[PDB]
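As a starting point, one isolated chain is supplied in structure tokens, in the form solved without cytidine-5'-monophosphate.
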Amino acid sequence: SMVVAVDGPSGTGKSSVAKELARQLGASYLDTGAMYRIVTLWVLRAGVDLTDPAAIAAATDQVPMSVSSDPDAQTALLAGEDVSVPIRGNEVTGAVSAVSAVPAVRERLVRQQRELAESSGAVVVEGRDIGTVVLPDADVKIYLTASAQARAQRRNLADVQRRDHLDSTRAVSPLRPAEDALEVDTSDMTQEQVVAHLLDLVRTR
């Protein structure tokens, strides 16, 4: 049925907006960022050497991950343990792009996200490369964005502009919107206004 991709950089209130959109659409929601983070957690706890992509691959064949498609019940389960809290931690934020860079890690997660998408009917799928790579035949592709200065504001600065330069420059999955994505600049919007706007965009199309 109807697939909404929501992509863009972090610190735009992206997740909260995507979930609320889902609810308002009567639809399911999938936090794909959280899946990478669950795998990252499992890798950190296994004490795997992060400079060795082969050890990372080998240690992630059977990641006991379980996530929810309900915007009202988002638990991150790892081996039946609620890891919602640790996966948002600074250590996992540190290690997450190293773990996600591994071709074998992405390949399993891209597959899971796609099965979970079909599995869900009406669904809003949030991430970074949902419109481009994961669900390129999404019906509506939303790209949420804001100035470096507005995201710096919502965070508390110079680290967000470095992560901007790097995410543009990266060799593996650089951040860019899909050719047919609808770019919404949320610098001067509130969250409920961003929701209202995306519902209009979705309802129009």
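All residue numbers are counted from 1 along the displayed sequence.
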Original post:
How many residues that are in the deposited sequence but not in the model lie between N156 and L157: none, 1 to 3, 4 to 9, or 10 or more?
Top reply: 10 or more
Subject >> Per the entry, higher mean C-alpha B factor between 50 to 58 and 28 to 36 >> reply: 50 to 58
Original post:
Averaging C-alpha B-factors over each stretch, which comes out higher, 163 to 171 or 61 to 69?
Top reply: 163 to 171
**OP:** Please work out which residue in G94, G121, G127, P86 has the highest C-alpha B-factor recorded for this crystal structure.
**Re:** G121
Original post:
So where's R45 on the chain's Cα temperature factor ranking, which third?
Top reply: lowest
Original post:
Taking the C-alpha B-factors as the PDB entry records them, is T186 in the lowest, middle or highest third of its chain?
Top reply: middle
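We do not show the form deposited with cytidine-5'-monophosphate bound, though everything after this point is about it.
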Original post:
Open site or blocked site for cytidine-5'-monophosphate in this chain, with its pose taken in the deposited bound form and fitted by superposition, and blocked meaning 3 or more ligand atoms within 2.4 Å of backbone or C-beta?
Top reply: open
Original post:
Quick one: which of 34 to 42, 176 to 184, 137 to 145, 61 to 69 gets within 4.5 Å of cytidine-5'-monophosphate in the deposited bound form, going by heavy atoms?
Top reply: 34 to 42
**OP:** Would you please decide whether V96 lies within 4.5 angstroms of cytidine-5'-monophosphate in the deposited bound form, comparing each non-hydrogen atom pair?
**Re:** yes
**OP:** Using a 4.5 Å heavy atom cut-off, state whether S120 contacts cytidine-5'-monophosphate in the deposited bound form.
**Re:** no
Original post:
Taking heavy atoms only, is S100 within 4.5 angstroms of cytidine-5'-monophosphate in the deposited bound form?
Top reply: yes
Subject >> Contact flag, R106 vs cytidine-5'-monophosphate in the deposited bound form, heavy atom cut 4.5 Å >> reply: yes
